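One structure below.
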Amino acid sequence: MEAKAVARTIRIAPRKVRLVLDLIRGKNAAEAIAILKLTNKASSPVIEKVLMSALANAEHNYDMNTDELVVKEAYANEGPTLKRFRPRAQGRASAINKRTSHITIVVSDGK
Amino acid sequence: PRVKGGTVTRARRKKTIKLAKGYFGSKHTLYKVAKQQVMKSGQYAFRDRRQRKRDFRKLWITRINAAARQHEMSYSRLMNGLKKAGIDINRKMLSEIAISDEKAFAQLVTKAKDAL
Amino acid sequence: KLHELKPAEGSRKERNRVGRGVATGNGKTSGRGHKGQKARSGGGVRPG
Amino acid sequence: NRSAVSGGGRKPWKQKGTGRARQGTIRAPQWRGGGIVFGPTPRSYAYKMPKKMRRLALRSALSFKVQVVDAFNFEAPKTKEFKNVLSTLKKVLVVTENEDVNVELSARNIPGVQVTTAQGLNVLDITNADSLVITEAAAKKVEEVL
Amino acid sequence: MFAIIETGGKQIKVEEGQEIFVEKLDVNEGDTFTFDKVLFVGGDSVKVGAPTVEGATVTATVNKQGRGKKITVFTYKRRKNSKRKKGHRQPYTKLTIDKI
Amino acid sequence: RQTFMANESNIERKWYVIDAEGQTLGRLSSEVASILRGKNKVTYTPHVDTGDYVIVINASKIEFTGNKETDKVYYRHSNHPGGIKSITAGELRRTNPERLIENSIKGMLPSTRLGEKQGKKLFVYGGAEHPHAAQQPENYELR
Amino acid sequence: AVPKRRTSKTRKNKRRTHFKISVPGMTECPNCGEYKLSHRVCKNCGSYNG
RNA sequence: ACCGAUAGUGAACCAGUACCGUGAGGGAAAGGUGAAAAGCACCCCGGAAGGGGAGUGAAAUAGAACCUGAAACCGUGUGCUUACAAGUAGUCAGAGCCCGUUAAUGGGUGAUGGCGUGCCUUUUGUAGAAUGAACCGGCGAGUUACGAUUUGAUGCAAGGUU
RNA sequence: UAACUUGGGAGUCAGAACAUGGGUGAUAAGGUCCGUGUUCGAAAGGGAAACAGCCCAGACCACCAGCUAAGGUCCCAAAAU
RNA sequence: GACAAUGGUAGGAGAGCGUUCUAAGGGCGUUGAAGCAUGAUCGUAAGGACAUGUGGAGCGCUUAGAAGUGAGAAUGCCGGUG
């Protein structure tokens, strides 16, 4: 059927994550983990975690073969941003947005 | 008593955003640009009804003139042929009669040249 | 009768309320014309 | 208003070199938390009108009621007795003489019934009522008054 | 076999079995109605036209009597605080042309 | 109401061929542009090209009037600073007549997206031989 | 300088047309059984054998 | 015929408190699970967080970042359309393609053609290269007391009125 | 078919160009000051390419009807090669 | 019926819509109120209904009365977000 895994308040910017998520969307689940292990980006490990949890939820709660599971969807959504401040010069000060993201992945057999 | 403005501003602004859909970009999202473009739309529509009348008048004259030239006349010489032979039909009907029946428009052109 | 009351025809009028829109007639400047000593909150010169 | 809200009395910034709008206090109306431009003030609402118009309004209310029982006899205040008295004869205005303090008590608990006396006939009381139950004496006292 | 009927200050090229739309006529729903302002008749049949053909007429069944889509009439003068909104549902009557 | 509009399946298009020998340039160009936009025909609608394909031949033979051969300088700018070019009609009639007649005609058609469709229905040859034998071109005389 | 006019969210996405990152250019290891990255040591089990 | 969390006290919350100042002194933001904690036992992925089931529950997209949950804004998917074209982005006409309503001359898109230099303010006169507005949401400006004056209504009338 | 009177309520006291009679200037100025008129101000529509004031003409609203106005009829661009 | 009028800035006059509350009357509502989302709906405008989702407990309607009664502009204030 379909099995999802969501990771919430992952402390990475969401458009530093959609870079990687634009790769493994539509792919098989084997090459997906291959890519997510081989890539240089810092979003790969957390997305490795999430995609492996998606596959495990499939094979444990829904019992669909972990051989034909294709990543139907994968997307990041914004989250609660931590707003910080940085001392500029001459007494000024500039905001900083330590933003977060919610990483959802949905693997489905396609049947 | 106190009367805090609630769900009365929203209602009319929503009413104005529904009214502007199909617009490029923030014209259909934002209110202070959607209102301006809705006003411009109303003014343009007011103007364009009158100009619609004018446009079709031009087009009818153009096609009647294209028909009469295939019958060795003008628009002007023909339309004087009519109204001097005997008062007749208007331009829209006369054009689409020249379109549908090529066989009655020449009836009229002979009866018009008969007006000399 | 206390749920159908009718003041005598011609007695009451609703007050004039300026500075609310431009379709009433007294909205933008609110009946004061443009700039000047009398278009300022604080009245004009004293009477006389 | 501005004079009453706490704090203020300090121009926040300098008015000239900041780049922000020029402000005078943080307790001005356009801010939040300071200043109501107009509004409520503790003030009365009553007014008057001539004696003759007052009396004519009372006469007109009774006139539209016309458009009367014997004396009430209630030793003890017993609301069921009063409910029976109202059923044998529900916006009732039971008008009595000076005051019978066993008919007001017998009747103040019934919803829709209002009791009063000939010296205390309102116009809101009358026009709120669907019926008038005035005694033989109260009819004569009000014919004497008005 | 068509014709040209003058109805409401406008000519209309009308054949049989056709549904037409005209400005408001006084008749009610589902009624006959004879057009006399016919200035030109005949297609493949004959080609006769006078100021008014005066021998031919048309007969139509009054199919319906209603009001068009509300067009809103908005317009404003910029920088001079003047604007004006109206509405308009132009009433029409639709007819079936029964015979010519 | 009823006003026939030309569609993609309504339209027809024809091929004409006009001798450009002995004709004044503009007196011919107006006729040709009329044909190109397509208002020799009764199914004229503005938002489509109901006009025809035209083949102007003998473009090395058009005639000017008066001192227009030596005068009537055509200019063109190259969008580089100071670079403007010029050519007189006499030198453009022997060097490139098929650009003389084309520029005359295309200045009489609108500058729109549909006016360029119509602009590229004109086929101009300096000579009496045009390779469009496979199109059934018709004679045409100046009305 | 400073931007004279705020950028639409059309021009933005057009400019981010090329903000992709390609895949690494990997292969499968004939020994490890899994995906390695070409011309590199196999992550999973050991050898290179080139 | 007082407010209802930007309101009402500066303070509905451990508030004259964080914080700011050498100091006198200035000064915020911060409410809502559920009828009842019944507040998620157990299993799986994970280092944990976080999830997916399984249960509590009337409801868990009521899971303590907990009543509804708008808009700006950020995304994923898809029906119509766009890489020879000069665009205050609409409006009138209009093929083609896709659907199917508060069922009535239907809805979405839009090849193409005609017309068309935003809004306020201030000005003799602004597309103006004069002002002002990043966008969204909320708050934000002729009021009340007492006198005078004229108008409408009502009541009496050489009297009227407290 | 307006006019005056007596009442309540205002706004205006920066005007502009065009024709015309003058002053000033230099028979300069889209200059400046006055008499008379028109339009803009507060006026959209058509013509003057574009263009408040120039010529025509005063928009209650709908119409895929007709007649004219300034101005025009080779093509762009409606109507006379 | 017939005729006549209906550009408009400062400004003058009239008629109205809508919001919160109050009185009276009469009603709807856990068989689902307010609100929010969508819609191809009715009115000359301000605007008024209706249907479906969401929501979970209060709201209309007539007639009067009283106003903290309507926001796009203040280098407006606070929050969020580009």
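Residues are named by chain letter and number: chains run A, B, ... in the order of the structure tokens, numbers start at 1 in each chain, and ligands are numbered from 1 in the order shown.
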
If the cut-off is 10 Å, can you tell me the residues of chain B near chain I, counting only C-alpha atoms (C1' of nucleotides)? I'd like them as JSON, numbers by chain. {"B": [47, 49, 50, 52, 53, 54, 55, 56, 57, 58, 59, 60, 61, 62, 65, 74, 75, 76, 77, 90, 91, 92]}

Selected residues, N, CA, C and O atoms, written as a CSV table (one decimal), in the first residue's frame, please.
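In the end it all went to again-v9.csv:
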chain,number,residue,atom,x,y,z
B,47,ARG,N,-15.2,50.9,-21.0
B,47,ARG,CA,-14.7,51.4,-22.2
B,47,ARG,C,-14.9,50.4,-23.4
B,47,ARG,O,-15.3,50.8,-24.5
B,49,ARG,N,-17.0,48.0,-23.9
B,49,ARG,CA,-18.3,47.7,-24.5
B,49,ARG,C,-18.6,48.7,-25.7
B,49,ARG,O,-19.0,48.2,-26.8
B,50,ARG,N,-18.4,50.0,-25.5
B,50,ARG,CA,-18.6,51.0,-26.6
B,50,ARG,C,-17.6,50.7,-27.7
B,50,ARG,O,-18.0,50.7,-28.9
B,52,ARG,N,-16.4,47.8,-28.5
B,52,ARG,CA,-16.9,46.6,-29.1
B,52,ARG,C,-17.9,46.9,-30.2
B,52,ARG,O,-17.8,46.3,-31.4
B,53,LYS,N,-18.8,47.8,-29.9
B,53,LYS,CA,-19.7,48.2,-31.0
B,53,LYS,C,-19.0,48.8,-32.2
B,53,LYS,O,-19.2,48.4,-33.4
B,54,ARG,N,-18.0,49.6,-31.9
B,54,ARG,CA,-17.2,50.2,-33.0
B,54,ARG,C,-16.4,49.2,-33.8
B,54,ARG,O,-16.3,49.3,-35.0
B,55,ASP,N,-15.9,48.2,-33.1
B,55,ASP,CA,-15.1,47.2,-33.8
B,55,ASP,C,-15.9,46.4,-34.8
B,55,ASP,O,-15.5,46.2,-35.9
B,56,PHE,N,-17.1,46.0,-34.4
B,56,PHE,CA,-17.8,45.2,-35.3
B,56,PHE,C,-18.4,46.0,-36.5
B,56,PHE,O,-18.5,45.5,-37.6
B,57,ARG,N,-18.7,47.3,-36.2
B,57,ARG,CA,-19.0,48.1,-37.4
B,57,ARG,C,-17.9,48.2,-38.4
B,57,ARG,O,-18.1,48.0,-39.6
B,58,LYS,N,-16.6,48.3,-38.0
B,58,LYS,CA,-15.5,48.3,-38.9
B,58,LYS,C,-15.4,47.0,-39.7
B,58,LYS,O,-15.2,47.0,-40.9
B,59,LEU,N,-15.6,45.9,-39.0
B,59,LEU,CA,-15.4,44.6,-39.6
B,59,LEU,C,-16.5,44.3,-40.6
B,59,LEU,O,-16.2,43.7,-41.7
B,60,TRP,N,-17.7,44.7,-40.4
B,60,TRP,CA,-18.8,44.5,-41.3
B,60,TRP,C,-18.6,45.4,-42.6
B,60,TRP,O,-18.7,44.9,-43.7
B,61,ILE,N,-18.1,46.6,-42.4
B,61,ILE,CA,-17.8,47.4,-43.6
B,61,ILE,C,-16.7,46.8,-44.4
B,61,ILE,O,-16.7,46.8,-45.6
B,62,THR,N,-15.7,46.2,-43.7
B,62,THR,CA,-14.6,45.6,-44.4
B,62,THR,C,-15.0,44.4,-45.2
B,62,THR,O,-14.6,44.3,-46.4
B,65,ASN,N,-17.1,45.5,-48.3
B,65,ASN,CA,-16.2,46.1,-49.3
B,65,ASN,C,-15.5,45.0,-50.0
B,65,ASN,O,-15.1,45.1,-51.2
B,74,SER,N,-17.8,49.4,-55.2
B,74,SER,CA,-17.1,49.8,-54.0
B,74,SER,C,-17.9,49.5,-52.8
B,74,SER,O,-19.0,48.8,-52.9
B,75,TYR,N,-17.5,49.9,-51.6
B,75,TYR,CA,-18.4,50.1,-50.5
B,75,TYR,C,-19.3,51.3,-50.7
B,75,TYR,O,-20.5,51.2,-50.5
B,76,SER,N,-18.7,52.4,-51.1
B,76,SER,CA,-19.4,53.7,-51.1
B,76,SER,C,-20.4,53.7,-52.3
B,76,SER,O,-21.6,54.0,-52.1
B,77,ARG,N,-20.0,53.3,-53.5
B,77,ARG,CA,-20.9,53.3,-54.6
B,77,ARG,C,-22.0,52.3,-54.4
B,77,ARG,O,-23.2,52.6,-54.8
B,90,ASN,N,-29.3,46.5,-42.9
B,90,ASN,CA,-28.1,47.1,-42.3
B,90,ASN,C,-26.8,46.4,-42.6
B,90,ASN,O,-26.8,45.5,-43.5
B,91,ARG,N,-25.7,46.7,-42.0
B,91,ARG,CA,-24.4,46.2,-42.4
B,91,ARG,C,-24.1,44.8,-41.9
B,91,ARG,O,-23.5,44.0,-42.6
B,92,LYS,N,-24.5,44.5,-40.7
B,92,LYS,CA,-24.3,43.1,-40.2
B,92,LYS,C,-25.0,42.1,-41.0
B,92,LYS,O,-24.3,41.1,-41.5

Return the neighbours of chain E among the residues of chain F, cut-off 12 Å, counting only C-alpha atoms, as a VMD selection string. chain F and resid 1 to 3

Contact residues around residue 28 of chain D with only C-alpha atoms (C1' of nucleotides) at 12 Å, ignoring same-chain residues under 3 positions, as a PyMOL selection string: (chain D and resi 1-12+23-25+31-37) or (chain H and resi 139-141) or (chain J and resi 76-77)

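Any residue of chain E with an atom within 10 Å of chain C counts; using only C-alpha atoms, that gives residues 81, 82, 83 and 84 of chain E.
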
Generate a file of the selected residues that holds N, CA and C atoms, formatted as a PDB file, in the first residue's frame.
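Writing the result to part12.pdb gives the following:
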ATOM      1  N   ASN E  81     -11.481  61.976  -5.754  1.00  0.00           N
ATOM      2  CA  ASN E  81     -12.071  60.855  -5.030  1.00  0.00           C
ATOM      3  C   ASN E  81     -13.488  60.579  -5.493  1.00  0.00           C
ATOM      4  N   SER E  82     -13.615  60.021  -6.690  1.00  0.00           N
ATOM      5  CA  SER E  82     -14.904  59.842  -7.333  1.00  0.00           C
ATOM      6  C   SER E  82     -14.924  58.486  -8.010  1.00  0.00           C
ATOM      7  N   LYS E  83     -15.900  57.669  -7.643  1.00  0.00           N
ATOM      8  CA  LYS E  83     -16.070  56.347  -8.210  1.00  0.00           C
ATOM      9  C   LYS E  83     -17.554  56.037  -8.198  1.00  0.00           C
ATOM     10  N   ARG E  84     -17.945  54.994  -8.916  1.00  0.00           N
ATOM     11  CA  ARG E  84     -19.363  54.685  -9.014  1.00  0.00           C
ATOM     12  C   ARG E  84     -19.545  53.267  -9.520  1.00  0.00           C
TER      13      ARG E  84
END

Can you tell me which residues surround residue 35 of chain E at a distance of at most 12 Å, considering only C-alpha atoms (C1' of nucleotides), apart from same-chain residues fewer than 3 positions away, and format the answer as a PyMOL selection string? chain E and resi 3-8+11-12+14+22+25+32+38-39+52-62+95+97-100

Exercise answer, chain C residues close to chain H, 12 Å and only C-alpha atoms (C1' of nucleotides), as a list in words: residues 7, 8, 9, 10, 11, 12, 13, 15, 16, 17, 18, 19, 20, 26, 27, 28, 29, 30, 31, 32, 34, 35, 39, 40, 41, 42 and 43 of chain C

When you count only C-alpha atoms, which of these residues is closest to residue 22 of chain F: F:61, F:99, F:106, F:117? F:61

Could you pull the residues within 8 Å of segment 86-100 of chain D, counting only C-alpha atoms (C1' of nucleotides), minus those fewer than 4 positions along the same chain, as a ChimeraX atom specification? /D:82,104,111-119,125-126,128-135,137-138

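For chain C, the residues within 6 Å of chain J are residues 2, 3, 4, 5 and 33 of chain C, with only C-alpha atoms (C1' of nucleotides) used to measure distance.
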
Using only C-alpha atoms (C1' of nucleotides), find the residues of chain H whose closest atom to chain G is at most 12 Å away, then write them as an MDAnalysis selection string. chainID H and resid 73:74 134:135

Which residues of chain E are close to chain J, meaning at most 12 Å apart when you count only C-alpha atoms (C1' of nucleotides), and how do they look as an NGL selection string? :E and (69-74 or 76-89)

Filtering to N, CA, C and O atoms, could you give me those residues as an mmCIF file, in the first residue's frame?
data_model
loop_
_atom_site.group_PDB
_atom_site.id
_atom_site.type_symbol
_atom_site.label_atom_id
_atom_site.label_comp_id
_atom_site.auth_asym_id
_atom_site.auth_seq_id
_atom_site.Cartn_x
_atom_site.Cartn_y
_atom_site.Cartn_z
ATOM 1 N N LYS E 69 -26.872 37.914 -17.693
ATOM 2 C CA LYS E 69 -25.890 37.859 -16.617
ATOM 3 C C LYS E 69 -25.637 39.259 -16.080
ATOM 4 O O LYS E 69 -25.471 40.203 -16.855
ATOM 5 N N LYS E 70 -25.602 39.399 -14.758
ATOM 6 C CA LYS E 70 -25.397 40.715 -14.164
ATOM 7 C C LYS E 70 -24.006 41.208 -14.510
ATOM 8 O O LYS E 70 -23.013 40.666 -14.022
ATOM 9 N N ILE E 71 -23.919 42.224 -15.352
ATOM 10 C CA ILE E 71 -22.656 42.916 -15.559
ATOM 11 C C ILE E 71 -22.597 44.077 -14.585
ATOM 12 O O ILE E 71 -23.577 44.812 -14.418
ATOM 13 N N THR E 72 -21.465 44.218 -13.909
ATOM 14 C CA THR E 72 -21.276 45.292 -12.952
ATOM 15 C C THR E 72 -20.637 46.470 -13.668
ATOM 16 O O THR E 72 -19.690 46.298 -14.438
ATOM 17 N N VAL E 73 -21.180 47.655 -13.443
ATOM 18 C CA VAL E 73 -20.727 48.840 -14.149
ATOM 19 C C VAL E 73 -19.934 49.696 -13.182
ATOM 20 O O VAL E 73 -20.508 50.495 -12.442
ATOM 21 N N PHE E 74 -18.622 49.515 -13.156
ATOM 22 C CA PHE E 74 -17.754 50.228 -12.238
ATOM 23 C C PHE E 74 -16.932 51.247 -13.003
ATOM 24 O O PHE E 74 -16.503 50.982 -14.125
ATOM 25 N N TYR E 76 -14.193 54.983 -12.267
ATOM 26 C CA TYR E 76 -13.626 55.910 -11.300
ATOM 27 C C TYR E 76 -12.733 56.927 -11.993
ATOM 28 O O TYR E 76 -12.222 56.692 -13.087
ATOM 29 N N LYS E 77 -12.549 58.069 -11.329
ATOM 30 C CA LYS E 77 -11.629 59.122 -11.743
ATOM 31 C C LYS E 77 -10.434 59.106 -10.803
ATOM 32 O O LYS E 77 -10.595 59.305 -9.596
ATOM 33 N N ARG E 78 -9.240 58.890 -11.346
ATOM 34 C CA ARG E 78 -8.080 58.718 -10.487
ATOM 35 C C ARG E 78 -7.618 60.047 -9.911
ATOM 36 O O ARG E 78 -7.587 61.066 -10.603
ATOM 37 N N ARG E 79 -7.267 60.017 -8.624
ATOM 38 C CA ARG E 79 -6.759 61.140 -7.841
ATOM 39 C C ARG E 79 -7.830 62.153 -7.480
ATOM 40 O O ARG E 79 -7.569 63.077 -6.708
ATOM 41 N N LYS E 80 -9.030 61.997 -8.013
ATOM 42 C CA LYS E 80 -10.174 62.807 -7.630
ATOM 43 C C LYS E 80 -11.173 61.833 -7.039
ATOM 44 O O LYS E 80 -11.662 60.953 -7.750
ATOM 45 N N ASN E 81 -11.481 61.976 -5.754
ATOM 46 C CA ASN E 81 -12.071 60.855 -5.030
ATOM 47 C C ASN E 81 -13.488 60.579 -5.493
ATOM 48 O O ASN E 81 -14.454 60.838 -4.771
ATOM 49 N N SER E 82 -13.615 60.021 -6.690
ATOM 50 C CA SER E 82 -14.904 59.842 -7.333
ATOM 51 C C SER E 82 -14.924 58.486 -8.010
ATOM 52 O O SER E 82 -14.070 58.194 -8.849
ATOM 53 N N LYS E 83 -15.900 57.669 -7.643
ATOM 54 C CA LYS E 83 -16.070 56.347 -8.210
ATOM 55 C C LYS E 83 -17.554 56.037 -8.198
ATOM 56 O O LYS E 83 -18.339 56.734 -7.557
ATOM 57 N N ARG E 84 -17.945 54.994 -8.916
ATOM 58 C CA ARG E 84 -19.363 54.685 -9.014
ATOM 59 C C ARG E 84 -19.545 53.267 -9.520
ATOM 60 O O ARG E 84 -19.000 52.910 -10.571
ATOM 61 N N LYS E 85 -20.303 52.472 -8.769
ATOM 62 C CA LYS E 85 -20.623 51.098 -9.118
ATOM 63 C C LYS E 85 -22.122 50.937 -9.307
ATOM 64 O O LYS E 85 -22.912 51.430 -8.502
ATOM 65 N N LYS E 86 -22.504 50.231 -10.364
ATOM 66 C CA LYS E 86 -23.887 49.873 -10.637
ATOM 67 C C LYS E 86 -23.944 48.390 -10.980
ATOM 68 O O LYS E 86 -22.917 47.727 -11.107
ATOM 69 N N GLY E 87 -25.155 47.874 -11.169
ATOM 70 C CA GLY E 87 -25.338 46.556 -11.731
ATOM 71 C C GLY E 87 -26.326 46.624 -12.878
ATOM 72 O O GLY E 87 -27.080 47.583 -13.015
ATOM 73 N N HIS E 88 -26.311 45.593 -13.718
ATOM 74 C CA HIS E 88 -27.288 45.577 -14.800
ATOM 75 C C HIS E 88 -27.508 44.155 -15.290
ATOM 76 O O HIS E 88 -26.557 43.484 -15.700
ATOM 77 N N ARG E 89 -28.758 43.706 -15.246
ATOM 78 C CA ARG E 89 -29.210 42.474 -15.881
ATOM 79 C C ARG E 89 -30.168 42.895 -16.985
ATOM 80 O O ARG E 89 -31.334 43.193 -16.722
#

Pick out the chain F residues within 7 Å of chain I. Count only C-alpha atoms (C1' of nucleotides). Give them as a compact mmCIF listing (two decimals) with C-alpha atoms, in the first residue's frame.
# COMPACT_ATOMS: atom_id res chain seq x y z
CA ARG F 1 -24.90 37.12 -32.10
CA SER F 30 0.04 48.63 -51.68
CA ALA F 33 0.09 44.16 -49.03
CA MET F 108 2.88 48.32 -45.09
CA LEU F 109 1.87 45.26 -43.01
CA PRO F 110 1.41 45.60 -39.25

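Interatomic distance, atom CA of residue 77 of chain D against atom CA of residue 139 of chain D: 23.7 Å.
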
Excluding residue 4 of chain F and any residue of its chain fewer than 2 positions from it, enumerate the residues within 9 Å of it, using only C-alpha atoms (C1' of nucleotides), and give them as a PyMOL selection string. (chain B and resi 96+99) or (chain F and resi 2+6+43+45)

Residues as selected, C-alpha atoms, written as a short mmCIF file (atom, residue, chain, number, x, y, z; two decimals), in the first residue's frame, can you do that?
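Result written to again-v2.cif:
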data_model
loop_
_atom_site.label_atom_id
_atom_site.label_comp_id
_atom_site.auth_asym_id
_atom_site.auth_seq_id
_atom_site.Cartn_x
_atom_site.Cartn_y
_atom_site.Cartn_z
CA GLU B 96 -23.27 37.82 -43.42
CA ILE B 99 -20.96 35.37 -46.68
CA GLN F 2 -24.36 35.99 -35.70
CA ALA F 6 -12.69 32.46 -39.71
CA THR F 43 -14.09 35.81 -44.83
CA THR F 45 -11.32 38.26 -39.73
#

Neighbour list for residue 51 of chain H as a PDB file with C-alpha atoms (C1' of nucleotides), in the first residue's frame, cut-off 10 Å, only C-alpha atoms (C1' of nucleotides), skip fewer than 5 positions in-chain:
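For reference, around.pdb as written:
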ATOM      1  CA  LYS A   4       5.360   7.022   5.459  1.00  0.00           C
ATOM      2  CA  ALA A   5       7.996   8.275   7.853  1.00  0.00           C
ATOM      3  CA  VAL A   6       8.120  11.843   9.141  1.00  0.00           C
ATOM      4  CA  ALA A   7      11.014  13.466  10.984  1.00  0.00           C
ATOM      5  CA  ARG A   8      10.011  16.711  12.659  1.00  0.00           C
ATOM      6  CA  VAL A  50      14.038   8.801   7.561  1.00  0.00           C
ATOM      7  CA  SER A  53      12.355   4.192   8.915  1.00  0.00           C
ATOM      8  CA  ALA A  54       9.873   4.448   6.042  1.00  0.00           C
ATOM      9  CA  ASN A  57       7.420   0.774   8.774  1.00  0.00           C
ATOM     10  CA  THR A 104       8.348  13.379   5.093  1.00  0.00           C
TER      11      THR A 104
ATOM     12  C1'   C H  45      13.024   1.819  12.652  1.00  0.00           C
ATOM     13  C1'   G H  46      16.565   5.078  15.491  1.00  0.00           C
TER      14        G H  46
END

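Between atom CA of residue 36 of chain B and atom CA of residue 7 of chain B there is a distance of 22.0 Å.
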
I'd like to know which residues of segment 6-99 of chain D are helix (DSSP H, G or I) (by DSSP, run on the backbone); could you write them as number ranges by chain? D: 51-66, 79-88

Residues just named, written with N, CA and C atoms as a tab-separated table (two decimals), in the first residue's frame:
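Generated file (out16.tsv):
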chain	number	residue	atom	x	y	z
D	51	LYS	N	-44.73	67.97	32.84
D	51	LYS	CA	-45.68	67.23	33.67
D	51	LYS	C	-46.88	66.77	32.86
D	52	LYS	N	-47.35	67.63	31.96
D	52	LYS	CA	-48.57	67.32	31.23
D	52	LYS	C	-48.35	66.19	30.25
D	53	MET	N	-47.18	66.14	29.61
D	53	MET	CA	-46.91	65.04	28.70
D	53	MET	C	-46.73	63.73	29.45
D	54	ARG	N	-46.11	63.78	30.63
D	54	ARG	CA	-46.03	62.59	31.48
D	54	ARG	C	-47.42	62.06	31.77
D	55	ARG	N	-48.31	62.94	32.23
D	55	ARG	CA	-49.66	62.50	32.57
D	55	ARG	C	-50.41	62.01	31.34
D	56	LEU	N	-50.21	62.64	30.18
D	56	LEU	CA	-50.89	62.19	28.98
D	56	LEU	C	-50.37	60.84	28.50
D	57	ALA	N	-49.08	60.55	28.69
D	57	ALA	CA	-48.57	59.23	28.34
D	57	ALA	C	-49.17	58.16	29.23
D	58	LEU	N	-49.31	58.45	30.52
D	58	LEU	CA	-49.94	57.47	31.39
D	58	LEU	C	-51.41	57.26	31.02
D	59	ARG	N	-52.12	58.35	30.71
D	59	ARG	CA	-53.51	58.24	30.29
D	59	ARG	C	-53.63	57.45	28.99
D	60	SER	N	-52.68	57.62	28.07
D	60	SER	CA	-52.75	56.90	26.81
D	60	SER	C	-52.46	55.41	26.99
D	61	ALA	N	-51.54	55.07	27.90
D	61	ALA	CA	-51.29	53.66	28.17
D	61	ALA	C	-52.53	52.99	28.73
D	62	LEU	N	-53.15	53.60	29.74
D	62	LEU	CA	-54.38	53.01	30.27
D	62	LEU	C	-55.50	53.01	29.24
D	63	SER	N	-55.53	54.02	28.37
D	63	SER	CA	-56.55	54.08	27.33
D	63	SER	C	-56.42	52.91	26.38
D	64	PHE	N	-55.19	52.52	26.04
D	64	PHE	CA	-54.99	51.38	25.15
D	64	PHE	C	-55.18	50.05	25.87
D	65	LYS	N	-54.99	50.00	27.18
D	65	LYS	CA	-55.42	48.80	27.89
D	65	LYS	C	-56.93	48.66	27.86
D	66	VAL	N	-57.66	49.78	27.98
D	66	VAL	CA	-59.12	49.71	27.92
D	66	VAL	C	-59.58	49.34	26.52
D	79	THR	N	-48.48	31.22	47.05
D	79	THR	CA	-48.42	31.49	45.62
D	79	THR	C	-49.39	30.63	44.82
D	80	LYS	N	-49.75	29.46	45.34
D	80	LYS	CA	-50.70	28.62	44.61
D	80	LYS	C	-52.08	29.26	44.61
D	81	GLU	N	-52.48	29.85	45.74
D	81	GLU	CA	-53.74	30.59	45.78
D	81	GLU	C	-53.76	31.69	44.74
D	82	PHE	N	-52.63	32.37	44.56
D	82	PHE	CA	-52.57	33.46	43.60
D	82	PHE	C	-52.59	32.93	42.18
D	83	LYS	N	-51.95	31.79	41.94
D	83	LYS	CA	-52.00	31.16	40.62
D	83	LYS	C	-53.42	30.75	40.26
D	84	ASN	N	-54.16	30.22	41.23
D	84	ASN	CA	-55.57	29.93	40.99
D	84	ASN	C	-56.35	31.19	40.69
D	85	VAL	N	-56.11	32.26	41.46
D	85	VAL	CA	-56.81	33.52	41.22
D	85	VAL	C	-56.51	34.05	39.82
D	86	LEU	N	-55.31	33.82	39.32
D	86	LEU	CA	-54.98	34.23	37.96
D	86	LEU	C	-55.52	33.29	36.91
D	87	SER	N	-55.81	32.04	37.27
D	87	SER	CA	-56.34	31.11	36.28
D	87	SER	C	-57.85	31.24	36.13
D	88	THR	N	-58.58	31.52	37.21
D	88	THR	CA	-60.03	31.63	37.09
D	88	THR	C	-60.44	32.83	36.26

With the cut-off set at 6 Å and counting only C-alpha atoms, tabulate each residue of chain B with an atom at most that distance from an atom of chain F, showing the nearest atom pair and its distance in Å to one decimal, ordered by chain and increasing number, as a tab-separated table.
residue	atom	partner	partner_atom	distance
B:63	CA	F:42	CA	5.0
B:66	CA	F:42	CA	5.4
B:67	CA	F:42	CA	5.6

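Atom pair atom CA of residue 34 of chain A / atom CA of residue 21 of chain A: separated by 13.6 Å.
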
I need the chain B residues near chain D as a ChimeraX atom specification; criterion: at most 12 Å, counting only C-alpha atoms. /B:1-3

For the residues in that selection, give me C-alpha atoms as an mmCIF file, in the first residue's frame.
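Saved as selection-v4.cif:
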data_model
loop_
_atom_site.group_PDB
_atom_site.id
_atom_site.type_symbol
_atom_site.label_atom_id
_atom_site.label_comp_id
_atom_site.auth_asym_id
_atom_site.auth_seq_id
_atom_site.Cartn_x
_atom_site.Cartn_y
_atom_site.Cartn_z
ATOM 1 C CA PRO B 1 -19.997 49.295 24.001
ATOM 2 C CA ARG B 2 -16.879 48.172 22.129
ATOM 3 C CA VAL B 3 -17.174 46.954 18.541
#
